[PDB]
4 protein chains.
Amino acid sequence: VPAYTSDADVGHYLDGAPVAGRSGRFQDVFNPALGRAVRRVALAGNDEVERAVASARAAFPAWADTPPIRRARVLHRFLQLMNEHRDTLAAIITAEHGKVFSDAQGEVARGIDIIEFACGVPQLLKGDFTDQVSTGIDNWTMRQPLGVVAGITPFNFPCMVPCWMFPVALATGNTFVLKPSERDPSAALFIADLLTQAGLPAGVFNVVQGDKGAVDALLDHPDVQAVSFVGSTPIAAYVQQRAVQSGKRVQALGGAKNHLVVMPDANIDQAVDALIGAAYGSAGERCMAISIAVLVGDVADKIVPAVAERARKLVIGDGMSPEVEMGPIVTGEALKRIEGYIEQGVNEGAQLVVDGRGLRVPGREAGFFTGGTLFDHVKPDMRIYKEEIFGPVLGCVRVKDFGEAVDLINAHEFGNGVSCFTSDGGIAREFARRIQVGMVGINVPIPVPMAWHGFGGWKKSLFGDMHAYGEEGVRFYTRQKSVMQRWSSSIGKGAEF
Amino acid sequence: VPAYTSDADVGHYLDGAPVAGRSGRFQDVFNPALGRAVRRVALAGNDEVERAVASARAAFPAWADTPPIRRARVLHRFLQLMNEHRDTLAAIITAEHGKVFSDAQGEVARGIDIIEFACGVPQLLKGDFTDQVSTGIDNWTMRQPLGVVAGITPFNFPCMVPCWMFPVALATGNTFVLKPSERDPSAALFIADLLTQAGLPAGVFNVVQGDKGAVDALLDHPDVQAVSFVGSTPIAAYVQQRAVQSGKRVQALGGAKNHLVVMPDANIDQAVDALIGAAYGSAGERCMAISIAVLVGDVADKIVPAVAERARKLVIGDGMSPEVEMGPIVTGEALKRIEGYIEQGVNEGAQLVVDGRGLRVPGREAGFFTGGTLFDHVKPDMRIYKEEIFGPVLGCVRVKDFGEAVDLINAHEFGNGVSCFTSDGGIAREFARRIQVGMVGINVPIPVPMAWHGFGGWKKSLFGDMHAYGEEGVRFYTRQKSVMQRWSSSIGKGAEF
Amino acid sequence: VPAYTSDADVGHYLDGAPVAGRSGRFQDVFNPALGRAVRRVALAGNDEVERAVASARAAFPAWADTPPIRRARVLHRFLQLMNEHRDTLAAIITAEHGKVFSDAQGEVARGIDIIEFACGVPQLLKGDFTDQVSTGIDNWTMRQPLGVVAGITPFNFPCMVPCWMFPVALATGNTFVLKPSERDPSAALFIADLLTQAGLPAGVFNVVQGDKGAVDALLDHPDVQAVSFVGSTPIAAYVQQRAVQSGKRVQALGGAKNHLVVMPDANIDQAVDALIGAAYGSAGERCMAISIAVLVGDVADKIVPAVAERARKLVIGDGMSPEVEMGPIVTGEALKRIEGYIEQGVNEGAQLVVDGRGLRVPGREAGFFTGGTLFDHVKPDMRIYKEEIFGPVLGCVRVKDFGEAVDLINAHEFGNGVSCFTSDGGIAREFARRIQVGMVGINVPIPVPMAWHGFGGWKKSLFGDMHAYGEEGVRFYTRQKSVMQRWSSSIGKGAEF
Amino acid sequence: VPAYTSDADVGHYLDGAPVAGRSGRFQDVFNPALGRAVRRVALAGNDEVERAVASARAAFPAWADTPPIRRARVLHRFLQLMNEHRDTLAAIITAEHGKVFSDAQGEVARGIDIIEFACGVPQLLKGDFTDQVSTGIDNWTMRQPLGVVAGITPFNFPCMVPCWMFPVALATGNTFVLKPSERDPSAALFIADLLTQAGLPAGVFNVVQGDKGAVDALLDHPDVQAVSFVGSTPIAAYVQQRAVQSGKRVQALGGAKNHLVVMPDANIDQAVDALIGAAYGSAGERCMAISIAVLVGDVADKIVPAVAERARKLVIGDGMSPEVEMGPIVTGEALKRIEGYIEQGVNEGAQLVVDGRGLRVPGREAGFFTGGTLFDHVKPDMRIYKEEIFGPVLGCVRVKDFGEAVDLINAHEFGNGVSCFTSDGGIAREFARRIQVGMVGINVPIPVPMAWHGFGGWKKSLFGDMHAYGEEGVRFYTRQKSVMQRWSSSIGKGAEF
Ligand SMILES: NC(=O)c1ccc[n+]([C@@H]2O[C@H](COP(=O)([O-])OP(=O)(O)OC[C@H]3O[C@@H](n4cnc5c(N)ncnc54)[C@H](O)[C@@H]3O)[C@@H](O)[C@H]2O)c1
């Protein structure tokens, strides 16, 4: 599969067709491996957002009246098409985001998993029927679609996060307007085209490109019923407040600071492999990336020297090269912020075991590249421990026993993911049932739940009370109706009745 | 059972014991049938709210560690005690609220139904277990309690609405702080005493009396996790906004304007009986009360003359008299507001078929009594159609056919309850699946769902995305955790392993 | 699509490849439209059955260890292949069975529906997890595959009935041996080939052709765990007895005698259309075919004259002709038995309104053709009312009111399907909740439940206690295991633990 | 609580009242601690069985028409009564069965748990409702009662096993006829009296005493729909065959041979305590009793010497003495058979570490008493390993590693219960998912599942395909009905419609 190249402007999607921007405002889109802009993306105004919402509202009733099995068959055709063109989408993601090609393939596969789950929506839409609640009265419940829903997605997963939202929403009978991240929008348009090739009626799925202005226009529109958001914690709080102020259902996912605990009885080699992978995959630009390593007892001297040796030997380069393990950062501002965090960590007393600054890649000297960074003797009061770096920086914190590690983890402001490596059943049971984290792994560095369970963190990692996809996602996109029924005597109509 | 009389001050409940107020501010509590104050209720300050929250937080961990079956057994003993003392509670409710004694007995029975449902919580807390999601990895989910939750309840159901909230919350493993309506608080204290007699540990259930100040103190406290509110629409919106601003889970129920549709093929006598009962039970002080009668075709001339004849013959008096069908209004200000609504309805062109103003009850001349009021030829642009009166006022709106009635109902701002009387299966099916209302009745004037389904309206009748009690109530009070587990080889420990 | 022609012998399927018979015994296979044999089918001995069972048992462990999502993906590829080659399978079914081409297409579509449901097996295999049943003890359940299962299918649905069984059994992790009807076996082999093209491992699905001897060999084999059977009532009882005697799980479906009730307030034209279709589709060779019309009140004179007029105008001929509505009978012996039933009905006093005997089709004079037959004034004591004819014969029974019809239906020995045509809600509710029939239709002549509900009749129509496909089908193919877990203190291993 | 004494004849229960026997045949009932008969029990003939079945069939329709919530309230009152009189029932059980008083109290508590689960039947009877399966068609399922069901129970649990059956059957809407064990029938009558005091209508619950003749009369009766049986394997197979031959739903539970595995990393003291308790509680007369101890590696020398030391120090005497840990055997024939098994074990080469024969209890010299017996070096080919002794006999089998123990357990003919003691997570996971046993314990000697999961073994331990109580028990007592509904246009009735 050849590398993705294109210079045309990136527009919006409306009525089952691409449309060029009309506001006159554009933003450059960079190739991170080259360090220069390659195309532009239009920034939609209020009128284009209103046009997309009107199209979705016009399309909603007929799509809602469609039986769920036919909607599932449309999603089945879309799944076939997605399996057909996975390499092209992965190449687009590598070109714009900058991750490794195999990582993009894995992201596409993870989105296809959610689509596979959504294909079975007739089973998921079962209501409850109760007969003879009193003498001659029956009572049953069902769930019905809301209307027009909106989704706002980040840059690090331009394909998987939209697949967390739109398949289930379309399966339950809603219409969707998507606002992708402006740093890598092309994938969204690609997906929309595939949705049109699968037989989806026009207006059911629309795309608008833009920034904070388009988000505010979406949040203020009275014809929008629900909002799903994925991003950082402050923006999630702002989105939740503004959407609740206008009377909408909101779910918003925030940031993370994920810990991995190594017990004295853990497998050392597997723990080192897990730490390396989960800390330096995709250059640490994942919500489930491990950023703090908690070392218990005397295993620290068996972990830090090994991990450092693996950190210096990472292969860094262009994402389309097969042997490359880590790609560049998305933008230069993010790279500068990561370097500032490293400088702050050095200034506040943490030991800099491995320094990744000042990296030059041959043939990619202008790319936004950096090396892996490893700290030691990190303290809870340091800024590199409390704040989210979102880069290839790993810190090590040493504790005396299991209870100290549990208390340290429970005191953090984030509750997204946690992992523990051990061979003892009782320790695993107590850690699983005592930790204040939404997603827990036992010898699993990145515990992303399956498509039929749902994704969601605790504390400041989630604003709302429902999770993404799964049965939680099904319930978020529908509203419950109850019906109580009885009849009187029919002898009036005739003796036969 | 004798009438309830008492002159002691009404205080708060803390640590399994009543406590007198310490702020120094009190509010009078009236007997509506007599028209004069009979006791006082203390208004808690910020310090007393903080004390209650601290007690609940101290009690939370041990109660959460208790197995669900033992919590269910505590609730079972509480159910036995509630069945033992139902008449005393009903007499208290009649004395303070002013409803008929049989109506109070029905309210207590409806609360006991929710307690009966909550007794079966071990079945409801089943998680999902999946084996071999990949080779050697298992994945399971569970739901865990939130912590300290708060409930805010209105005056019209001083017993049933608190039973919508605290039984399920206690069954799932939370601690509860209740803020009852200050117009009739005594019942809450009674319930708390019963909860202590059933073996509930101290601090798990606390009561604070007060007003907007106590509500703000509860909404601002950082140790409170969830808020449940029942009341009018503006206060519900205010509560939701203020609680979301501090990062809490919120559910808030608002007002209503319930319609009943009479089709040309309906049973006339049963329709008249249903209209009379559902419009003039409890003096129209119910969220599920019918306030608009929609008459289709030529049945209007068969409905209005009959209903009016029943409206003039209502027996009105003190709630403890067995023959009385309707009691007084809760306060004199509410009576004045209802009379103002009647005057407005006369001024705007509606025909006043039956006028209930200027009623004097022999022996209860100082009571807040009023008669039944019936309007005719009500239009959608009138204020008596758009706004909630919350009194014994019924208006009649005439339409030409089924579609006009459906369009009229779907254009209202409220979506709480709706009813339709017919003998045709297709009309019932289309009405049930097309109406934009949360709770639907077919020949059922007041379609309150069963304890295992849940209570909730649509549009401006509910702020949030979860319903009260049932599985929705169970999910509102818990948070989901996912666990993924795997193990490595054990050959290192020995050849036997 | 051309008509299907082939003269090769029909063999068995083993280890992912066709195999020729080795017993030396064959049976002729007829083309019903031509009236002559066109090919042969081998009849397997005991050794070939044992070979198939051994292959399935050898393949079972690896297939059971496969994660459910990969099995679902194999079924997804099989679904794609089935959608690709539906017309060829329909042509084969028309050539051997003799039904109309559109009817065969509908049968293939109905099987594809069950495959679509089975593709979502990871959701269906969720167990129950409960935490802290007592202090420190957890309890969870799961369902695991049985092993080798066997299926026995009739002639009238050579594709749909096997799809009732093998997709769910393969999804839950079992291996399958199929014994198709010897009258039309080719479709089974076709399906097996498709299953091999989708990536199914060898030995997971095997086919053996034969007769009572092969069935007895399957029922006596100690390595077979479960048996599913579809056929007539006496054979179902025999199969259940013989399989239970050897300690196996059994489900067996029997015969039917389906009634349709016409109320005085029903739509006459729609009732006539439903009666014609459900009585003369596929020449009455369906378990859900309507064979008795129950007429209530004075509607009989509006039903019998119309239906008869439609019965004389049926177009009968070769199944590949587009304008043909009814095809021939499967064999000449069945045609002779149907004619004997008609003669018996004439002899016992029923009025022969329309006689279908003595039919000659131009160009198909040797085919097993017969016309539609209509009786009137049928009594419960007649043999044409009590016994199943399984042909294009419809009888009419007149009753006075609703209760008489209900009592008549509840006294029959069969309980498979029932239908009622009315416009009254109360009558529909009472009929649905009072009738002693497994499958009920309100204005639906053939109420076959959806893929996510399950298929099953009552009384003599089913031997066992579980239904086919759906959650019932999932539970039939799995066994439940419970696990209770606890751990002791880990302080012995170290102070850190 | 005083010891239970009574000399009146034990009769049957009919129409909510005790009735004396009329056949003229009686059987003596022994006090095992005294060794002499104390009363008689009548053995019902065919006519009395027919009378009980007729009474149940007469009572069935009204009980089935009762709403489930009222049936649940009847069960709630019964639960209150059972909690009130638990000590009297325990004393009766101790007097007739001969177990320790605390053991009888535990049995009563375990039955009360099942009653508590059954009190929540309205939630469990939820059907599935699906809207718009096609355009204008809805489909929903429900479950309805079967009719008259019969239960047959053993001697070792005269209270708990009947509570496995009749509460769920009554909750789902059936009528029950009970055939208790003739060795200790009084408890059944006691329970029936309590059921009458709770408001149960007459004829819903009937009791018949007897033996094989009464069982055959029950199995042959055409008005009985379902049979539940608990007992030994040969009788279970006979009952299943005879009940299937007459077309009934059957579930039958058989015998057991439960193994406990001790790993080298297990806690030695806790393992010894578990072995002693689970092997010598209730004199080994439990289906979940541990009869084989599997010792892996070098732990055998740390287990056998300790266990033997505990086996010689057991306190044996009358069950009403507080300090007694083990009571006598139920009959003298059972004691003789146990002694014969011990003699056979000595003859076939097993080492008799501890011999319990020749025991004399001071003051109870005529009682059917025996001591604890411990064998060592037991082989799979011995009769004491393959056959069920059902007494206080424990054998020890030594294996080399984990795989040998798993292979040994999987080769047995019984699959009821299994336990494994270890501190390693991976070993526990592999043992739980690989063992061919229905009920599994990790560090739990007796893994009886909770009331909301269900009880059932595998292989020769269960005949049928459904388990006892839980959702399996709910599904066994009900049959599923499907309803598909649609309506035509209503414009014919009028323009308004
Ligand atoms: N949707 C439902 O299920 C439901 C049920 C019952 C009643 N209601 C509604 O309740 C209303 C009648 O009850 P009410 O008159 O007691 O309602 P309300 O709005 O006064 O709510 C009562 C509660 O809110 C508190 N409250 C009142 N004003 C407040 C303020 N400004 N700030 C903060 N807290 C404040 C009170 O102290 C009390 O605890 C009607 O509108 C009726 O429709 C709704």
# chains A, B, ... in the order shown; residues from 1 in each chain; ligands from 1

call {"tool": "residues_near_ligand", "arguments": {"ligand": "ligand 1", "cutoff": "6 Å", "atoms": "only C-alpha atoms and all ligand atoms", "output": "PyMOL selection string"}}
result
chain B and resi 152-155+179-181+211-212+215+230-232+235+253-256+287

call {"tool": "write_last_selection", "arguments": {"atoms": "C-alpha atoms", "output": "PDB file, in the first residue's frame"}}
result
ATOM      1  CA  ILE B 152     -34.975  16.414  47.993  1.00  0.00           C
ATOM      2  CA  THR B 153     -38.721  15.739  48.068  1.00  0.00           C
ATOM      3  CA  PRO B 154     -41.944  17.775  47.620  1.00  0.00           C
ATOM      4  CA  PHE B 155     -44.967  18.284  49.885  1.00  0.00           C
ATOM      5  CA  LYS B 179     -34.144  17.049  52.936  1.00  0.00           C
ATOM      6  CA  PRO B 180     -37.948  16.807  53.222  1.00  0.00           C
ATOM      7  CA  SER B 181     -40.470  19.498  52.410  1.00  0.00           C
ATOM      8  CA  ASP B 211     -35.319  25.393  52.880  1.00  0.00           C
ATOM      9  CA  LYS B 212     -33.313  26.817  49.965  1.00  0.00           C
ATOM     10  CA  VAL B 215     -30.498  22.749  49.653  1.00  0.00           C
ATOM     11  CA  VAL B 230     -38.593  15.945  42.874  1.00  0.00           C
ATOM     12  CA  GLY B 231     -40.464  19.219  42.450  1.00  0.00           C
ATOM     13  CA  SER B 232     -41.449  21.909  39.975  1.00  0.00           C
ATOM     14  CA  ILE B 235     -36.444  24.496  40.736  1.00  0.00           C
ATOM     15  CA  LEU B 253     -38.217  15.561  38.101  1.00  0.00           C
ATOM     16  CA  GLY B 254     -40.339  18.521  37.037  1.00  0.00           C
ATOM     17  CA  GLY B 255     -43.962  19.509  36.471  1.00  0.00           C
ATOM     18  CA  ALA B 256     -46.719  18.107  34.300  1.00  0.00           C
ATOM     19  CA  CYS B 287     -48.117  15.086  39.040  1.00  0.00           C
TER      20      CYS B 287
END

call {"tool": "residues_around", "arguments": {"residues": "residue A:151", "least_positions_apart": "6", "cutoff": "6 Å", "atoms": "only C-alpha atoms", "output": "CSV table (one decimal) with N, CA, C and O atoms, in the first residue's frame"}}
result
chain,number,residue,atom,x,y,z
A,178,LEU,N,-21.2,14.8,13.0
A,178,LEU,CA,-19.8,14.6,13.6
A,178,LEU,C,-19.0,15.9,13.4
A,178,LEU,O,-19.0,16.5,12.3
A,227,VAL,N,-25.2,14.9,23.2
A,227,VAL,CA,-23.8,15.3,22.9
A,227,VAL,C,-22.9,14.3,23.5
A,227,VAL,O,-23.0,14.0,24.7
A,228,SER,N,-22.0,13.7,22.7
A,228,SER,CA,-20.9,12.8,23.1
A,228,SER,C,-19.6,13.5,22.8
A,228,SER,O,-19.4,14.1,21.7
A,229,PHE,N,-18.7,13.6,23.8
A,229,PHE,CA,-17.4,14.3,23.7
A,229,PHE,C,-16.3,13.4,24.2
A,229,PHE,O,-16.4,12.8,25.3

call {"tool": "closest_residue", "arguments": {"among": "C:205, C:117, C:190, C:385", "to": "chain A", "atoms": "only C-alpha atoms"}}
result
C:117

call {"tool": "interface_residues", "arguments": {"of": "chain D", "to": "chain B", "cutoff": "6 Å", "atoms": "only C-alpha atoms", "output": "list in words"}}
result
residues 120, 401, 402, 426, 487 and 496 of chain D

call {"tool": "residues_around", "arguments": {"residues": "residue A:20", "least_positions_apart": "4", "cutoff": "9 Å", "atoms": "only C-alpha atoms", "output": "VMD selection string"}}
result
chain A and resid 9 to 13 42

call {"tool": "write_last_selection", "arguments": {"atoms": "N, CA, C and O atoms", "output": "PDB file, in the first residue's frame"}}
result
ATOM      1  N   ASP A   9      -8.372  20.701  -0.754  1.00  0.00           N
ATOM      2  CA  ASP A   9      -8.943  21.191   0.493  1.00  0.00           C
ATOM      3  C   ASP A   9      -9.920  20.176   1.071  1.00  0.00           C
ATOM      4  O   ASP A   9     -10.628  19.482   0.336  1.00  0.00           O
ATOM      5  N   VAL A  10      -9.960  20.098   2.397  1.00  0.00           N
ATOM      6  CA  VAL A  10     -10.835  19.178   3.112  1.00  0.00           C
ATOM      7  C   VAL A  10     -12.093  19.936   3.510  1.00  0.00           C
ATOM      8  O   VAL A  10     -12.026  20.920   4.256  1.00  0.00           O
ATOM      9  N   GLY A  11     -13.244  19.483   3.007  1.00  0.00           N
ATOM     10  CA  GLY A  11     -14.510  20.128   3.239  1.00  0.00           C
ATOM     11  C   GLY A  11     -15.403  19.364   4.196  1.00  0.00           C
ATOM     12  O   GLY A  11     -14.946  18.557   5.016  1.00  0.00           O
ATOM     13  N   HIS A  12     -16.703  19.625   4.089  1.00  0.00           N
ATOM     14  CA  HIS A  12     -17.711  19.015   4.938  1.00  0.00           C
ATOM     15  C   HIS A  12     -18.469  17.945   4.158  1.00  0.00           C
ATOM     16  O   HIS A  12     -18.254  17.741   2.963  1.00  0.00           O
ATOM     17  N   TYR A  13     -19.380  17.258   4.844  1.00  0.00           N
ATOM     18  CA  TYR A  13     -20.216  16.233   4.232  1.00  0.00           C
ATOM     19  C   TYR A  13     -21.677  16.542   4.524  1.00  0.00           C
ATOM     20  O   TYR A  13     -22.051  16.730   5.684  1.00  0.00           O
ATOM     21  N   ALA A  42     -11.285  23.408   5.995  1.00  0.00           N
ATOM     22  CA  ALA A  42     -12.194  24.525   6.197  1.00  0.00           C
ATOM     23  C   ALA A  42     -12.796  24.493   7.597  1.00  0.00           C
ATOM     24  O   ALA A  42     -12.986  23.431   8.195  1.00  0.00           O
TER      25      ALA A  42
END

call {"tool": "residues_around", "arguments": {"residues": "residue B:354", "least_positions_apart": "6", "cutoff": "9 Å", "atoms": "only C-alpha atoms", "output": "number ranges by chain"}}
result
B: 308, 311-312, 372-375

call {"tool": "write_last_selection", "arguments": {"atoms": "N, CA and C atoms", "output": "tab-separated table (two decimals), in the first residue's frame"}}
result
chain	number	residue	atom	x	y	z
B	308	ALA	N	-69.94	17.70	34.64
B	308	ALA	CA	-70.40	18.82	35.45
B	308	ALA	C	-71.35	18.36	36.54
B	311	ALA	N	-69.39	17.06	39.21
B	311	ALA	CA	-68.52	18.03	39.86
B	311	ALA	C	-69.25	18.81	40.95
B	312	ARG	N	-70.55	19.05	40.77
B	312	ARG	CA	-71.32	19.78	41.76
B	312	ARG	C	-71.66	18.94	42.99
B	372	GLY	N	-64.75	22.06	43.12
B	372	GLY	CA	-64.29	21.66	41.81
B	372	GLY	C	-64.69	22.67	40.74
B	373	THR	N	-63.78	22.90	39.80
B	373	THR	CA	-63.97	23.88	38.74
B	373	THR	C	-63.86	23.19	37.39
B	374	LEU	N	-64.80	23.50	36.50
B	374	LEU	CA	-64.84	22.93	35.16
B	374	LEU	C	-64.97	24.03	34.12
B	375	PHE	N	-64.04	24.04	33.17
B	375	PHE	CA	-64.03	24.95	32.03
B	375	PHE	C	-64.38	24.20	30.75

call {"tool": "select_by_dssp", "arguments": {"residues": "stretch 278-439 of chain B", "states": "helix (DSSP H, G or I)", "output": "PyMOL selection string"}}
result
chain B and resi 278-284+300-311+332-347+383-386+402-410+425-434

call {"tool": "write_last_selection", "arguments": {"atoms": "C-alpha atoms", "output": "compact mmCIF listing (two decimals), in the first residue's frame"}}
result
# COMPACT_ATOMS: atom_id res chain seq x y z
CA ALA B 278 -58.22 11.51 38.10
CA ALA B 279 -59.13 15.21 38.04
CA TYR B 280 -60.47 15.68 41.57
CA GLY B 281 -58.56 13.13 43.65
CA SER B 282 -56.33 14.79 46.26
CA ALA B 283 -57.67 18.17 45.05
CA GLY B 284 -55.62 17.89 41.86
CA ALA B 300 -68.24 16.22 23.83
CA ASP B 301 -71.99 16.74 24.32
CA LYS B 302 -72.05 13.34 26.06
CA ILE B 303 -69.12 14.16 28.39
CA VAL B 304 -69.35 17.78 29.56
CA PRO B 305 -72.97 17.67 30.86
CA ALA B 306 -72.30 14.45 32.79
CA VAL B 307 -68.96 15.50 34.28
CA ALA B 308 -70.40 18.82 35.45
CA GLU B 309 -73.21 16.96 37.21
CA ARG B 310 -70.60 14.93 39.09
CA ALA B 311 -68.52 18.03 39.86
CA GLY B 332 -53.75 29.72 51.76
CA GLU B 333 -51.25 31.14 49.26
CA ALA B 334 -51.80 28.11 47.00
CA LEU B 335 -55.57 28.60 47.26
CA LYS B 336 -55.17 32.27 46.33
CA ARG B 337 -53.01 31.33 43.33
CA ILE B 338 -55.59 28.77 42.17
CA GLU B 339 -58.35 31.39 42.43
CA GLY B 340 -56.19 33.79 40.43
CA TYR B 341 -55.82 31.14 37.73
CA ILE B 342 -59.61 30.71 37.64
CA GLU B 343 -60.06 34.48 37.28
CA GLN B 344 -57.49 34.55 34.47
CA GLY B 345 -59.29 31.70 32.71
CA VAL B 346 -62.58 33.58 32.89
CA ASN B 347 -60.93 36.77 31.59
CA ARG B 383 -52.68 30.51 30.12
CA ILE B 384 -54.85 27.89 31.85
CA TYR B 385 -53.77 25.43 29.14
CA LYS B 386 -50.03 26.15 29.02
CA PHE B 402 -57.25 11.51 16.19
CA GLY B 403 -54.42 13.24 14.34
CA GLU B 404 -55.40 16.67 15.64
CA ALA B 405 -55.35 15.36 19.22
CA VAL B 406 -51.93 13.77 18.70
CA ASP B 407 -50.54 16.99 17.21
CA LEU B 408 -52.00 19.03 20.07
CA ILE B 409 -50.45 16.79 22.72
CA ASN B 410 -47.04 16.61 21.02
CA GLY B 425 -56.63 -2.07 18.83
CA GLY B 426 -55.03 -0.16 15.95
CA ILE B 427 -55.82 3.25 17.44
CA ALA B 428 -54.32 2.15 20.76
CA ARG B 429 -51.17 0.84 19.05
CA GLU B 430 -50.63 4.01 17.00
CA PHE B 431 -51.34 6.28 19.98
CA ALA B 432 -48.92 4.33 22.18
CA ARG B 433 -46.08 4.37 19.66
CA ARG B 434 -46.57 7.94 18.33

call {"tool": "residues_around", "arguments": {"residues": "residue A:324", "least_positions_apart": "6", "cutoff": "8 Å", "atoms": "only C-alpha atoms", "output": "VMD selection string"}}
result
chain A and resid 100 315 to 318

call {"tool": "atom_distance", "arguments": {"atom1": "atom CA of residue C:412", "atom2": "atom CA of residue D:474"}}
result
27.5 Å
